[PDB]
Amino acid sequence: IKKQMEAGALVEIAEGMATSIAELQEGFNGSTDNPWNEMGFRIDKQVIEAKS
Amino acid sequence: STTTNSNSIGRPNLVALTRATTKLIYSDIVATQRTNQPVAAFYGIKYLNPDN
């Protein structure tokens, strides 16, 4: 895939969501099957015993 | 949906200790008096009749 990007066949892109879809996101105006995108976090621990 | 399962607890709080000691009864059951020699002597003084 990296070789293709040098060849110019595939290029990076980042677009913005269309406004009409943005208004009608999971709900409003009776539209269905269009959820949001959700982000969270996790907190995992580590333990360190002491030797002597 | 980040629930409580994502979070990890730390050191649990130490709410209460619990020791077990008997309700010692010897300052009430017996008559105590400190002795100042390794050998303690009690005097028993009695009153008798002519028949002893």
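A. Spotlight on the overall build of chain A. Counting its regular elements, chain A contains two helices and zero strands. Its C-alpha radius of gyration of 22 Å places chain A more than 25% over the 10 Å reference for a compact globule of 52 residues. Structurally, chain A occupies a C-alpha span of about 65 × 45 × 15 Å along its principal axes. Across the 52 residues of chain A, 4% fall into the buried class. Here chain A displays about 5800 Å² of accessible surface, and carbon together with sulfur accounts for 55% of that area.

B. Region of interest: the interface of chain A and chain B. Of the residues lining the interface, seven residues belong to chain A; the matching set on chain B comes to seven residues. In total, about 490 Å² of surface goes out of reach between chain A and chain B, with carbon and sulfur atoms giving 44% of it. Its largest share of buried area at the contact with chain B, chain A owes to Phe 41, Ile 43 and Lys 45 of chain A, together 72% of the area lost on that side. For the pair chain A and chain B, the number of links is zero salt bridges. Where chain A meets chain B, there are four residue pairs in polar contact.

C. The environment of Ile 21 of chain A, seen in detail. Residues and elements named next belong to chain A. Mapping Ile 21 onto the fold places it in helix α2 (residues 19-23). In this structure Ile 21 comes out as partly exposed when scored by relative accessible area, which is 46%. Separated by 13 residues in sequence, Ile 21 and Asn 34 place their C-alpha atoms 8.3 Å apart.

D. Expanded view of unusual backbone geometry. The phi dihedral of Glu 26 of chain A falls on the positive side, at around 60°, and the residue is not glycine. The residue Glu 26 of chain A is located in the segment after α2 in this model. For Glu 26 of chain A, a relative accessible area of 45% translates into the label partly exposed. Positive phi outside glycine occurs at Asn 52 of chain B, with the angle close to 65°.

E. Region of the structure containing the pattern of salt bridges. All names here are of chain A. Here the structure, examined in full by the defined rule, presents one salt bridge over all chains. Two residues, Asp 44 and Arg 42, come together in a salt bridge whose shortest N-O distance is 2.4 Å. This pair shows no difference in class: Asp 44 is exposed, exactly as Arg 42 is.

Parameters and conventions
Residues numbered from 1 in each chain as written, not as in the entry; some residues may be left out. Chains lettered and ligands numbered in written order. Part of a larger assembly, values for the part shown. Heavy atoms only, no water. Helix = DSSP H or I, 4+ residues; strand = E, 2+ residues; numbered from the N terminus. Rg over C-alpha atoms; globule rule 2.2 N^0.38 Å. Buried < 20%, exposed > 50% of the residue type's maximum accessible area, 1.4 Å probe, protein only. Areas by Shrake-Rupley, 256 points an atom, 1.4 Å probe, with all protein chains shown as cover. Contact = heavy atoms within 4.5 Å. Buried area = accessible area lost by both parts, 1.4 Å probe. Salt bridge = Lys/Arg side-chain N within 4 Å of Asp/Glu carboxyl O. Polar contact = N/O pair within 3.5 Å; in protein donor to acceptor, adjacent residues only side chain to side chain.

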